[PDB]
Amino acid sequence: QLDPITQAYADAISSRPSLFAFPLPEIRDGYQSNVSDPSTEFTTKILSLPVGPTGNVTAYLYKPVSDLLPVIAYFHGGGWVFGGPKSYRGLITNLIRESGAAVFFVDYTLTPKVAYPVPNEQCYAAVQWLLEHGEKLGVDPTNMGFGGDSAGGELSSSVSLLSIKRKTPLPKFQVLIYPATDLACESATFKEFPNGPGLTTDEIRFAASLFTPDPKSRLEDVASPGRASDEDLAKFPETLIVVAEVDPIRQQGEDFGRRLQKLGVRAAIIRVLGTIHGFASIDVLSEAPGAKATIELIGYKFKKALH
């Protein structure tokens, strides 16, 4: 059922207590290994953007070393509670290495210091900012990708939906990695994998309660882009969806994808067998065969779609 590398990880993390319980650590971001090895190199610009509902969004612009670079706007996962530039260093260096693109990593504010729709709007505003200021930073905003995993997938598709509603430019290409696309309903696989390793169904309900304390929010399309209208969804950018087989959240990605296919959006949907939620960002899992191959595909696919 699970590949060795993945099964070994799943064992050492039943040892673990749910990190998603009260109280929450003041620190929500950190290096997984601090290996501390490269050998893909990129420059970093730290950005304080005077935008978004809180007045400020922190972003990191990463550019690979050596006319305007393509740029991937990346929205990280971690249940809206955790994650950031440090814990996502592996995935970002992977994307950069394989895609040759710049990465615009939005370090949005974490729950519960804010709640829906503030992180969504922060992400959306960062992207607007990027559209306007990107060229003078050496990236080409007319050549943009969207990428996000889990919560970041929700944010990715949310930002896409908000762009459609506001008639601001969409990205050329979007990748959703086991996205949360419907916070309102429990799909078939919530049942199928109540504890099924790597992501518990109680860790899901909990993050939803911090992100969307008003359950009525979850029915809104900006919150749950899976519940968007046919008419809006039909305008989504070409989208690649990648899901883990053993994942409470698997059905959302697949449903969302089928929905796009039905509406005539170019949408590729790929399920990776023998792997668990988090395979794209957790360092250990990312070296398993299926994970490693699809991480490469994601990066390669940005490279081809973004020019």
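Residues carry their position along the shown sequence, with the first being 1.
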Could you tell me how many residues of the deposited sequence sit unmodelled between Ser66 and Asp67 (none, 1 to 3, 4 to 9, 10 or more)? 4 to 9
Do the CA atoms of 19-27 or those of 283-291 have the higher mean B-factor in the entry? 19-27
Assert higher mean C-alpha B factor (237-245 or 37-45, deposited values) equals 37-45
Selection by C-alpha B-factor (highest) of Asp107, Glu121, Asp149, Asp202: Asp202
Reading the B-factor column of the entry, which of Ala73, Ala188, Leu91, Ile177 has the highest value at its C-alpha atom? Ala188
Temperature factor at the Cα of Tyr116, chain-ranked in thirds, falls in the lowest
When the modelled residues of the chain are sorted by Cα temperature factor, does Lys301 land in the lowest, middle or highest third? lowest
How does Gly78 rank on Cα B-factor within its chain, lowest, middle or highest third? lowest
Classify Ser229 as lowest, middle or highest third according to the C-alpha B-factor given in the PDB entry, relative to its own chain. highest
Going by what the PDB entry lists, where does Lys136 fall on CA B-factor within its chain: lowest, middle or highest third? highest
